Amino acid sequence: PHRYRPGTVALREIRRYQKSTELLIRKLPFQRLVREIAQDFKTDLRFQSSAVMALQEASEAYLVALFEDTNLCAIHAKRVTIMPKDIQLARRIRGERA
Amino acid sequence: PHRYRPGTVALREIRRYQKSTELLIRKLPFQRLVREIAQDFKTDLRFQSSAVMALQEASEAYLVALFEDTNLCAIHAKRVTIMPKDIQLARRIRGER
Amino acid sequence: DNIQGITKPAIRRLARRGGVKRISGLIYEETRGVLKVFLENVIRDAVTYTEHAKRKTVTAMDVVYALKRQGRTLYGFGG
Amino acid sequence: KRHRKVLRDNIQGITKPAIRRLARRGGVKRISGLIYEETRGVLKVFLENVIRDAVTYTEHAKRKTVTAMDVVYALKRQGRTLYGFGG
Amino acid sequence: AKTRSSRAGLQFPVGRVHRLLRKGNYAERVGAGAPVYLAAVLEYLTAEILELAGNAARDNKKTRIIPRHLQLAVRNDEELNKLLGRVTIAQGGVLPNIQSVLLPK
Amino acid sequence: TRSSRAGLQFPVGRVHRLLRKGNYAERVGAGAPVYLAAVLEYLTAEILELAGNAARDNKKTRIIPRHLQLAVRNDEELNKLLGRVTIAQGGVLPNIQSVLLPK
Amino acid sequence: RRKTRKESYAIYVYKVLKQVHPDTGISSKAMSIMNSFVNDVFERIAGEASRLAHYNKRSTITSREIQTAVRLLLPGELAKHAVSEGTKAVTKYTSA
Amino acid sequence: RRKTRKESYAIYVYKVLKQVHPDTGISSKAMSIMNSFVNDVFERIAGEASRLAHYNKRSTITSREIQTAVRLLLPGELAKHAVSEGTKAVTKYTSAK
DNA sequence: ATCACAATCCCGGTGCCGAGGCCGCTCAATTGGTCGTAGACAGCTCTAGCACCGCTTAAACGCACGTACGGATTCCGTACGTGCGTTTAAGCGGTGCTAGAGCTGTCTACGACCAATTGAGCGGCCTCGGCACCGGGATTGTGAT
DNA sequence: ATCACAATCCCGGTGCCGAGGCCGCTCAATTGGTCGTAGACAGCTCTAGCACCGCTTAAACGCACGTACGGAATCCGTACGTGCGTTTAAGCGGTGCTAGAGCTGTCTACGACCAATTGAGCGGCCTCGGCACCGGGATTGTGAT
Ligand SMILES: [Cl-]
Ligand SMILES: [Cl-]
Ligand SMILES: [K+]
Ligand SMILES: [K+]
Ligand SMILES: [Mn+2]
Ligand SMILES: [Mn+2]
Ligand SMILES: [Mn+2]
Ligand SMILES: [Mn+2]
Ligand SMILES: [Mn+2]
Ligand SMILES: [Mn+2]
Ligand SMILES: [Mn+2]
Ligand SMILES: [Mn+2]
Ligand SMILES: [Mn+2]
Ligand SMILES: [Mn+2]
Ligand SMILES: [Mn+2]
Ligand SMILES: [Mn+2]
Ligand SMILES: [Mn+2]
Ligand SMILES: [Mn+2]
Ligand SMILES: [Mn+2]
Ligand SMILES: [Mn+2]
Ligand SMILES: [Mn+2]
Ligand SMILES: [Mn+2]
Ligand SMILES: [Mn+2]
Ligand SMILES: [Mn+2]
Ligand SMILES: [Mn+2]
Ligand SMILES: [Mn+2]
Ligand SMILES: [Mn+2]
Ligand SMILES: [Mn+2]
Ligand SMILES: [Mn+2]
Ligand SMILES: [Mn+2]
Ligand SMILES: [Mn+2]
Ligand SMILES: [Mn+2]
Ligand SMILES: [Mn+2]
């Protein structure tokens, strides 16, 4: 066959996705999630296509940057693997969580 | 004669200073520091004394707040001891760098 | 079930762009909750803006105004 | 037309015990030896950023005296709003 | 009822609040209801926090709200804590909170 | 035009209008929109300067939002200015943490 | 001489407090905090209202702008109550 | 069909782009970012200048308020250059009256 | 190291659509002119910021000593990544259907602007009950045995 | 187990002074009238949001397999806590000095505002070169030997 050691494709994908700027969430699932969340606020609502695009650009920028901080929190604990506790520490620090 | 084990007086002091609200840095030291940093921006400045209390109240609170984040950084790393690198982790995540 | 539309490989790609090499199994659901909270907070504010404009269509500007409100200013959509 | 003495090394007035106290009220139980000089460096960066604005407001108002309000507005500038000192 | 406060049934000064909204460059024109709504909200939040800090004062055996009672008040209320989440209340201290792992076993 | 008298590409007329229309104060001085328009033009210059270099480095003649992101996030002071800003379609800087690299 | 008039919300704050704790007092510093609180929230709401008007090309700040300012600004339960307490005041004001 | 007018700094961004990089162009998306950027920085300086005036009990926003605004806002080196171009253009303007 | 084989890089060709330029209309900027008022400046007051000194004493410092903590090491189990094939719904280009966004033009209810009227809110003044501060005595917890 | 004892806690006593009330003068809020324009409300225009539809992939998914990573377990050295004696200077409160904050009055340069004017900046139109996409060699690492 042929097999790369665990972590080699992980690094190839980092180099790749840090090279590009295209969105990483599939557009329609995101769109359907945006409409779902909004319904619970006000019923019968339309969205400009650019309004969903703006929410996706922002949301993903937020998650990438949160993953950056989560990663530092993992590394701080001599780990290579991100865990829910690293995210929770990040947010606690960001002052999102209490 | 008598000897408290390590951590016993520390714990006691945590509860003591969490009950009070008094400023913890002596007031002359802190003011000299203020006038020195301000002198290095601009010469012949005077301070209203409450401008020095204001900076000290803000300053001490910035550093309790931070020592909290720092403390959780220590604990994340399975430690009880806060280190320079806990402080640095906290300030980086705060976006202070 | 719509939240689950934010898939494992999708969260993985985001993590990769964030520089993450290895990802715990519990991260995926954790990121779904986080992203829900983020969107809730932003969409809530966006809708408050739409409401006030007496509209039925949320504009990019409503969102831009909401992002800004939340300290998450976004360039390229009407700033 | 008379001497101010010269101010030097005033960071060190933020002593070891004083930093320990602030650490206690932040709930810290054990403190590494290197934390003190690190804390001085952070205080100073903090004081510089704020004092730089207080002064910018103070010079704008054409005053030779820094007021609580210059500090109060500088604090609010940095997203570190303070109550109890006017404003 | 001569004052605009009476007419509104408020303790907060609608007149002064209308003045401030005008002398503040918020918009060209300020409507007649604006100071009224605002003065009432300000009043609602005021009473909400004084409620909680007189309670703190009383738990602490005191006739007088000092700034620590406000902090105790604010920082124990989820919602007040957030409204004031980037605010520092001179001379109020912190909440007693020791981390678990720091406790002797 | 007040642009030319002041030496600017950026519109001093527009900027004086926006200041009075924007409820910043009762009155706006004559120098105020000239000063402001200059600062705006200067900061625009500084970004486009560095964005263009980034377009050149990346073998392009047209600036896209990535070039603006590289410009900003590689520049210390600009990155600080736009520290709470999100450049749409910007991506991130390539940066892998050392411990993650194989030995 | 005879010192410059310095306006305060002190008198109102003491009123609200007497309604809500008729035997409770308040110190200088406490009142100074109360006073900054009131100014702080005043500015925050007024500011958000100003932006709403500007965003919608309106020259006027009405209770409808304040109301929305309050909804964007206050957290959940605090908002609900302030809104009803505000609408009540406008309603009571408008008829009298 | 017909119209519907919306102002932007697009033409001036181009004009400046030509000064700094004559042989390079710009996409529409990148142009929309520049537009956002100018508006944002405009709002930020203007807002600070607004507050400065109110703090000092003044009815007027003069170049001196824009100048201080620029120094509270902008980071060190970025401010220094900004104050220069500002003072410069003001000088050139009043000496062309 | 020296071997082969992945996945990636880069290079010259090819079509495709938006960057960028001109075009002519129009609305926002400009110029030229009036009026009033914000604040630049000068003169005067008296607050409070500063300096300086001696005395008390609590806090800071530095040194002795040893506990318990951090980190270095081994070591074991499975939770991870990698790489197949099978399963799916995202993406695109398509036509069709209209809510509702957005622009105009009418007009009147509402807010700016004003003088004249006056009573809420201010500082000045005064005093005593709340609480900071202390010493006593009871309680409680940690560490010696 | 049991037992000092150090530190903390809870108690009235006691004395200093700032919260809070009384007063009376003043300036900001109220009162009633003009007058102008913002915006609500209506009427029309057509943009963009939206719906169902059917192929063509590439992305999602579920699974086999096994390794490197996380965590649990132990072991050693010393850094960091505690306590003590000695050293240092903060704080206090009391005094003496003037810079400069902050407030008044005068007068004018500057900006708001309006009417008239004009070209800078807009959308509409067009077209073509910068760049996305791709296939087929140039090269670079990764794992295996
Ligand atoms: Cl209103
Ligand atoms: Cl000016
Ligand atoms: K003074
Ligand atoms: K539409
Ligand atoms: Mn110096
Ligand atoms: Mn090529
Ligand atoms: Mn174009
Ligand atoms: Mn032309
Ligand atoms: Mn004046
Ligand atoms: Mn250990
Ligand atoms: Mn489609
Ligand atoms: Mn319809
Ligand atoms: Mn409509
Ligand atoms: Mn009407
Ligand atoms: Mn009216
Ligand atoms: Mn109305
Ligand atoms: Mn009073
Ligand atoms: Mn005692
Ligand atoms: Mn005793
Ligand atoms: Mn007692
Ligand atoms: Mn009083
Ligand atoms: Mn009394
Ligand atoms: Mn009276
Ligand atoms: Mn209109
Ligand atoms: Mn390991
Ligand atoms: Mn060791
Ligand atoms: Mn003493
Ligand atoms: Mn003294
Ligand atoms: Mn003098
Ligand atoms: Mn002066
Ligand atoms: Mn002029
Ligand atoms: Mn055009
Ligand atoms: Mn190929």
Side-chain angles (χ1 to χ4, degrees), chain A residues 1-10 12 26-29 46-49 78-81, chain B residues 1-10 12 16 26-29 46-49 78-81, chain C residues 7-10 22-25 55-57 59, chain D residues 2 15-18 30-33 63-65 67, chain E residues 2-4 13 15-16 18-19 22 28-32 62-64 104, chain F residues 1-2 11 13-14 16-17 20 26-30 60-62 102, chain G residues 1-8 11 14 25-28 58-60, chain H residues 1-7 11 14 25-28 58-60:
Chain A
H2 183 264
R3 177 160 281 186
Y4 284 106
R5 297 188 76 181
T8 313
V9 189
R12 276 210 311 260
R26 289 313 153 215
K27 290 194 180 183
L28 219 85
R46 285 148 205 261
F47 275 87
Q48 290 181 345
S49 63
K78 323 269 210 187
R79 292 185 279 100
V80 146
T81 298
Chain B
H2 182 249
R3 180 154 275 267
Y4 292 110
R5 285 162 66 163
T8 294
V9 193
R12 192 152 83 213
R16 182 204 162 159
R26 295 323 176 209
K27 311 256 222 279
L28 272 32
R46 300 186 215 279
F47 292 78
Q48 282 176 358
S49 45
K78 283 135 281 156
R79 297 180 274 103
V80 152
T81 313
Chain C
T7 65
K8 177 212 189 87
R22 208 164 184 268
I23 303 153
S24 149
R55 274 187 277 100
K56 295 199 179 177
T57 306
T59 54
Chain D
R2 253 291 258 267
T15 65
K16 167 163 172 178
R30 213 170 177 261
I31 309 175
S32 139
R63 276 184 274 98
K64 301 206 68 176
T65 308
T67 61
Chain E
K2 298 282 170 69
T3 71
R4 291 198 271 180
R16 176 179 292 184
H18 193 243
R19 184 194 83 198
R22 277 184 290 103
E28 277 214 311
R29 310 152 66 245
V30 173
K62 304 289 185 71
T63 303
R64 284 199 212 112
Chain F
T1 81
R2 323 192 240 170
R14 208 113 124 184
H16 192 227
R17 175 198 100 204
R20 282 192 273 89
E26 263 213 63
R27 10 197 49 198
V28 178
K60 298 261 208 285
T61 56
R62 258 150 45 199
Chain G
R1 86 299 205 189
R2 206 268 188 176
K3 305 201 181 204
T4 311
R5 271 192 30 141
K6 220 289 181 280
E7 281 177 11
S8 199
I11 48 162
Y14 258 118
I26 191 160
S27 74
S28 263
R58 261 68 197 178
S59 318
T60 339
Chain H
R1 233 308 137 24
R2 46 212 63 199
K3 308 282 101 168
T4 208
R5 200 168 159 275
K6 19 92 180 66
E7 292 185 339
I11 62 157
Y14 260 112
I26 184 162
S27 71
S28 41
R58 284 179 92 261
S59 323
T60 334

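Letters go in sequence order (proteins before strands), and every chain restarts at 1. We use all heavy atoms of the structure for the numbers below, so side chains are in, but hydrogens, waters and symmetry mates are not.
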**Message:** What I want to check is whether I:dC35 forms a Watson-Crick or wobble pair with J:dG111, both distances being under 3.5 Å.
**Reply:** yes
Mind checking the [atom1] distance from [N] to [M]? Whole angstroms is fine.
N       : M       : atom1 : value
J:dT145 : I:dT82  : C1'   : 22 Å
I:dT26  : I:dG105 : P     : 15 Å
I:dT104 : I:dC27  : P     : 10 Å
J:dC103 : I:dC126 : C1'   : 29 Å

Distance in angstrom units between [X] [atom1] and [N] [atom2], rounded:
X       : N      : atom1 : atom2 : result
H:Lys3  : I:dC23 : NZ    : P     : 15 Å
E:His18 : J:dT30 : NE2   : P     : 10 Å
E:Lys2  : J:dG32 : NZ    : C1'   : 13 Å
F:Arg20 : I:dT30 : CZ    : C1'   : 12 Å
G:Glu7  : J:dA29 : CD    : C1'   : 11 Å

**Prompt:** The side chain of F:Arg17 lies closest to which of these nucleotides: I:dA29, J:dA59, I:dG20?
**Reply:** I:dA29
**Prompt:** Nearest of J:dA112, J:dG100, I:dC131 to any side-chain atom of D:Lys64?
**Reply:**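 Given the options J:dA112, J:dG100, I:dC131, the side chain of D:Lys64 is closest to J:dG100.
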Is the shortest side-chain N/O distance from [X] to OP1 or OP2 of [N] below 4.0 Å?
X       : N       : result
F:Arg2  : I:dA29  : no
E:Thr63 : I:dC131 : yes
G:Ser28 : J:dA19  : yes
G:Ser8  : I:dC122 : no
D:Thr67 : J:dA101 : no
H:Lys6  : J:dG123 : yes

**Message:** Strictly under 4.0 angstrom, non-hydrogen atoms only: write out the protein contact profile of nucleotides 66-84 of chain J, one letter per nucleotide from the 5' end, B, S or -.
**Reply:** --SSSS--------SBBS-
**Item:** Heavy-atom protein contacts under 4.0 Å, nucleotides 38-58 of chain J, coded B base, S sugar-phosphate only, - none
**Value:** SS------SS-SS--------
**Request:** Find which nucleotide of DNA chain I each of H:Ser27 and E:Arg16 is nearest to by heavy atoms, and output the residue with the more 5' nucleotide.
**Result:** H:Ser27
**Asked** Is there stacking between J:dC44 and J:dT45, using centres under 5.5 angstrom and an angle under 30 degrees?
**Response**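 Per the 5.5 Å and 30° rule, J:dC44 stacks on J:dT45.
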**Asked** For I:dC17, does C1'-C2'-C3'-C4' say north (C3'-endo side) or south (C2'-endo side)?
**Response** south
**Sugar of I:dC3, sorted north or south by the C1'-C2'-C3'-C4' dihedral sign** = north
**Prompt:** Counting any heavy atom closer than 4.0 Å, what does B:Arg16 reach on the DNA or RNA strands: base, sugar-phosphate only, or nothing?
**Reply:**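 Result for B:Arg16 = nothing.
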**Request:** For D:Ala18, answer base if it contacts any base atom (sugar-phosphate contacts may also be present), sugar-phosphate if it contacts only those atoms, and nothing otherwise; contact means non-hydrogen atoms under 4.0 Å.
**Result:** nothing
**Asked** Can a donor-acceptor pair be found between the side chains of F:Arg27 and H:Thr60 at a distance below 3.5 Å?
**Response**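 H:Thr60 and F:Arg27 do not have a side-chain donor-acceptor pair below 3.5 Å.
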